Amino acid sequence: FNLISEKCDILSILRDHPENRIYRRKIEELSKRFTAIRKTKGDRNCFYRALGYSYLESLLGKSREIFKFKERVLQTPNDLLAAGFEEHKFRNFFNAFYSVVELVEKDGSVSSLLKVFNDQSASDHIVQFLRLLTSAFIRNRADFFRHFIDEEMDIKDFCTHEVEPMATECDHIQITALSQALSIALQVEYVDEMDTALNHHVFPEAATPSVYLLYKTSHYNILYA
C-alpha cells in the first residue's frame, strides 16, 4: 500500500504537522464533516491516481452507473484520435483503463481495486491513460479553455509540457478538464497554513459530488463523507 493507503481515521493526519496551530484547527474542523482518509504517494501523479481510484471505488455494486460509465469509456479512443493521438501509441493505456473498469464490474471488491492501484505497472498505465484523455479534451476544446480560463495561454505547449508527461503537477485547468471528460463530479477541500477558513470548490458548480479530495501542500488525499 505504497501508492494508495489503507483507510485511516481523519485525525491520524495530525501527526504529519505536529504542533502546527492552524493545521491542527483546520484538520479538527474537517473531522466534523468526514470520517476517514486514504493517503497517496507524492510523486507528481497523485491527482490522477486519487481521482481514478476514488471514482471507481464509488461505482462498486452500482449496476446502472457502471453500465453508463463503460459506455463513455468505450468512446474515449475517438476523443484521443480527434486530438491527433495515434491508436498504436495509446492502445496499451486504454486497454489498462478498460481492464480495471471490467474489474469493478466483475469482481466488485474494494480489496481487488486497491491491489490494482498499488501495482506500480497497472497504476502507472491507468495514470498515463487519464493524462492523455485530459490533454485530448483540452486540445479539442481549445477555444473554451482560452475563453473561460486564460485568453493568453498557449494550449498545445501547456498540454505537451504540463499534462501528458508522467510526474507533472496539476492546476485548476486539468481538474476541470478530466471532471468534464469523464462526467465525474468532485469536491476539493483546501487546507493551507494561512489563518483563513477551511473552504471547498465543486467541479462542476452544480453538482452532487462522487469524490472528495483534500488538497494540502501540492498534494491530494482521499476523504470519506
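Don't overthink the numbering: it's just position in the shown sequence, from 1.
- Taking the mean C-alpha B-factor of each stretch as recorded, 124-132 and 138-146 are not equal, and the higher mean is that of 138-146.
- Across the two stretches, 95-103 and 147-155, the PDB entry reports the greater mean Cα temperature factor for 147-155.
- Ranking 174, 183, 40, 35 by Cα temperature factor from the entry places 35 first.
- Looking at the C-alpha B-factors along this chain, the one for residue 13 belongs to the highest third.
- In this PDB entry, residue 79 carries a Cα temperature factor that places it within the middle third of its chain's modelled residues.
- In the deposited entry, the Cα temperature factor of residue 49 places it in the lowest third of its chain's modelled residues.
- In this PDB entry, the Cα temperature factor of residue 206 sits in the top third of its chain's modelled residues, the highest group.
- Sorting the modelled residues of the chain by their CA temperature factor places residue 214 in the middle third.
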